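Commentary on secondary and tertiary structure
This is what each chain is made of:
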Amino acid sequence: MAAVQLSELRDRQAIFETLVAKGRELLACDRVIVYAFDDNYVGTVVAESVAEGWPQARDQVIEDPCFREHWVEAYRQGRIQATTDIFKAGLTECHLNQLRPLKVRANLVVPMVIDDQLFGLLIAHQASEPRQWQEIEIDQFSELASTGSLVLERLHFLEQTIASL
Ligand SMILES: *[C@H](c1[nH]c(/C=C2\NC(=O)C(CC)=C2C)c(C)c1CCC(=O)O)c1[nH]c(C[C@H]2NC(=O)C(C)=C2[C@@H](*)C)c(C)c1CCC(=O)O
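Residues numbered from 1 in each chain as written, not as in the entry; some residues may be left out. Heavy atoms only, no water.

**Describing the packing of aromatic side chains**
Stated precisely, the cut-off is as follows: For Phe, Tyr and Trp, where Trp contributes only its six-membered ring, two rings pair if their centres lie within 6.5 Å, and the inter-plane angle classes them as stacked under 30 degrees, edge-to-face over 60, or tilted in between. Residue exposure (1.4 Å probe, protein chains only): buried if accessible area is under 20% of the type maximum, exposed if over 50%, otherwise partly exposed.
One pass over the full model with this rule turns up three aromatic pairs. Judged by centre distance (5.8 Å) and plane angle (40 degrees), the rings of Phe 67 and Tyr 75 are tilted. Accessibility expressed as a relative area gives 14% for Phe 67, which makes it buried. On the basis of relative accessible area, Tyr 75 is assigned to the buried category, the value being 4%. With 6.4 Å between their ring centres and 90 degrees between their planes, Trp 71 and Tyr 75 make a pair best called edge-to-face.

Below, the structure written as structure tokens:
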């Protein structure tokens, strides 16, 4: 086919593991889910990490046209939402029944914007019990997640961006 080996390109699935691997390791979280955004405002769980006893996803599509719909522009500004006890935020119906089965007890959304575009979003959840992510923990999330954007940014464009370098 081609004289070019895949070795020239790294597995997109691997780079993801680093973000989720560190997030749960460095922060010592129970469960954390990460999915890339699509053109239909629908996410895609390309990588997920959950402790033993919890439900694993991966290859699942997140369809929640609530925040990703309106809060979108808000995320572009780098807005975040921190809810320790989801029982105080989201007195909805399907939502509660949607998380119940997941035993999700938390709410941390960190906006990921590449080239000024919402490519993905990092969400952490404490399956065990509610938790409060300190402002410092958010800062780390930004740098941790931000680093990922750089990876995808490179693969996105590199063949010809700045010859002068
Ligand atoms: C807003 C809303 N949806 C989501 C999506 C998720 N949170 C999760 O933990 C998970 C997977 C484990 C998903 C997926 C978030 C984070 C938010 C915002 C948080 C908030 O402050 O409310 C939202 N969802 C619903 C229920 C309904 N809407 C949907 O998109 C789907 C799908 C539903 C069930 C069929 C509601 C009522 C809201 C709040 C509306 C608003 O304030 O704009």
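**Some thoughts on the environment of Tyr 41**
Note the threshold: Under the DSSP-based scheme used, a helix requires at least four consecutive residues in state H or I and a strand at least two consecutive residues in state E, with every element numbered from the N terminus. Here a residue-residue contact requires only that any non-hydrogen atoms of the pair lie within 4.5 Å.
Note on placement: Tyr 41 falls in the loop between β1 (31-37) and β2 (43-50). As a C-alpha pair, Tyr 41 and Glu 69 span 28 residues in sequence and 7.2 Å in three-dimensional space. Excluding residues that lie within four positions of it along the chain, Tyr 41 makes contacts with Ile 62, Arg 68, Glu 69 and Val 72.

**A word on empty space enclosed by the protein**
As a reminder, the rule being used: Whether a set of points on the 1 Å grid over the protein atoms alone is a cavity depends on a 1.4 Å probe fitting there but being unable to get out, while an open set qualifies as a pocket with protein on both sides within 12 Å along at least five of seven lines; lining residues are those with an atom within 4 Å of a point. Grid points are joined across faces, edges and corners, and a volume is the space filled by probe spheres set on the points. Under the scheme applied here, ten amino acids are nonpolar (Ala, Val, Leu, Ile, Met, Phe, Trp, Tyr, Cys and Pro), four are charged (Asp, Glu, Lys and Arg), and all others, including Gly, are polar.
Summed over the entire model, instances satisfying the criterion amount to two cavities of 30 Å³ or more. Its boundaries defined by the atoms lining it, the largest cavity holds a volume of some 140 Å³. If you go around the largest cavity, you meet 16 residues; those closest to its centre are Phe 16, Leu 19, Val 34, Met 112 and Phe 119. Only α1 (12-26), β1, β5 (117-125) and α4 (135-156) provide two or more residues apiece to the lining of the largest cavity. Split into classes, the residues belonging to the lining of the largest cavity amount to 13 nonpolar, three polar and no charged. In this structure, the second largest cavity encloses a volume near 30 Å³. Surrounding the second largest cavity, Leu 19, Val 20, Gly 23, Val 32, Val 34, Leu 122 and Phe 141 form its lining.

**A short note on helix α2 (residues 67-76)**
Restricting attention to buried positions, one finds in α2 the residues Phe 67, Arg 68, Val 72, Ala 74 and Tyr 75. Those residues of α2 that are buried are in contact with β1, β2, β4 (108-114) and β5. Just beyond α2, the residue with positive phi is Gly 78, at close to 90 degrees.

**Some points on the layout of surface pockets**
Estimates place the volume of the largest pocket at around 850 Å³. If you go around the largest pocket, you meet 29 residues; those closest to its centre are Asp 64, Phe 67, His 95, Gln 98 and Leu 99. Ranked by residue count, the leading element in the lining of the largest pocket is helix α3 (residues 94-99), at four residues. Each residue belonging to the lining of the largest pocket can be placed in one class, and the counts come to 18 nonpolar, eight polar and three charged. The calculated volume of the second largest pocket comes to roughly 230 Å³. Lining the second largest pocket are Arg 12, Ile 15, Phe 16, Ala 36, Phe 37, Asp 38, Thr 44, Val 46, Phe 119, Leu 152, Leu 155 and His 156. Of all elements in the fold, only α1, β1, β2 and α4 reach the threshold of two or more residues within the lining of the second largest pocket. When grouped by side-chain class, the residues that make up the lining of the second largest pocket number eight nonpolar, two polar and two charged.

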